[PDB]
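Asks: How does the following fold in three dimensions:
(chains A and B)
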Amino acid sequence: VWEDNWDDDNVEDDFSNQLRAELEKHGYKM
Amino acid sequence: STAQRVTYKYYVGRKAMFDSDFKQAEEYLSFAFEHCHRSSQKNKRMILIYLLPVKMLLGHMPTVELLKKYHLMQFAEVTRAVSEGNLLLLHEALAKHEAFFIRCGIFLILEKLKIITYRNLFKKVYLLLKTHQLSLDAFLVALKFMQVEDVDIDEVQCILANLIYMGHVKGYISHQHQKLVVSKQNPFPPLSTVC
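Replies: Numbering: from 1, shown residues only, chains lettered A, B, ... in the order given. For reference, the structure is listed below:
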């Protein structure tokens, strides 16, 4: 019914990937 | 009556919610929801309308199944947006259903989701760069990507200062290097512990 697992430390989702591309596009990579 | 205790909890739950005591709102509204007669779906739905944003503010996202089951799919894109840190999608989803949310009496409460959405966005930046000293300009990039108009470094500082003050972010801004210095121990506490 209720989820908390959305707030783990995983960044495998689509939005995360899009933000990763945007960051790299400006010079930011891990 | 059990119907009258349920009605009582419903209203003090709303009082608490409007006074920004979300833990207490959660207690009351959860109780009302759970002890509401299984037969009356209309009752359960009305309570869920209030319990939903309260749950979300405490970091508990509803399943799409729950939302389907009570015909509250108006909350689905909002939930997805908040979960991702997707400010741009949150704004769109809120607009798409503005009237429904206002008629439900929860529009202003839903606005408070921007705060944790900011929190979620900035946590993702932290997880993507994997450093405890984060350039403020990296958060600016994320906010430009989310199309926050006129946003600049000063605005990022203001947002971060609010998040630090409220306990969402454990760290401080070092102005010499324009970095956000965050704790090495879990700088983004669970939302249910920030209350």
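
Asks: Point out the residues in chain A that sit beside chain B.
Replies: A:1-4, A:6-7, A:9, A:11, A:13, A:15-16, A:18-20, A:22-23, A:26, A:28-30 (CB under 8 Å from any CB of the partner chain). C-beta coordinates here come from the backbone N, C-alpha and C atoms, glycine included.

Asks: Cross these against strands and list the overlap.
Replies: If you go by DSSP state E, those have A:2, A:3 in strands.

Asks: So which of the residues of chain A next to chain B sit within helices?
Replies: When the residues of chain A next to chain B are checked against helices (DSSP state H), the matches are A:15, A:16, A:18, A:19, A:20, A:22, A:23.

Asks: filter the residues of chain A next to chain B to the buried ones?
Replies: Taking 16 or more other CB atoms under 10 Å in any protein chain shown as the criterion, what is buried in those is A:6, A:7, A:11, A:15, A:16, A:19, A:20, A:22, A:23, A:28.

Asks: Chain neighbours aside, what residue packs nearest to the third one?
Replies: Nearest in space to residue A:11, with sequence neighbours left out and distances taken as CB to CB, 6 or more residues apart in numbering or on different chains, is residue B:127 at 4.9 Å.

Asks: What of the second one?
Replies: With sequence-adjacent residues excluded and distances taken as CB to CB, 6+ apart, residue A:7 is closest to residue B:59, at 5.9 Å.

Asks: Let me know how buried the one you found is, in neighbour terms.
Replies: Using other CB atoms under 10 Å in any protein chain shown as the criterion, residue B:59 is surrounded by 23 other residues.

Asks: Could you do residue B:107 as well?
Replies: By the measure other CB under 10 Å, the count of residues near residue B:107 is 16.

Asks: wait, it sits on residue B:101?
Replies: Yes: taking CB atoms under 8 Å as the contact criterion, residue B:107 and residue B:101 are neighbours in contact, 4.4 Å apart.

Asks: Find residues that contact each of these two.
Replies: Residues touching both residue B:107 and residue B:101 (CB atoms under 8 Å, 6 or more residues apart in numbering or on different chains) are residue B:94.

Asks: Would you map out the domains in chain B?
Replies: Described in terms of curated CATH domains, the domain architecture of chain B consists of the residue ranges B:1-123, B:124-195.
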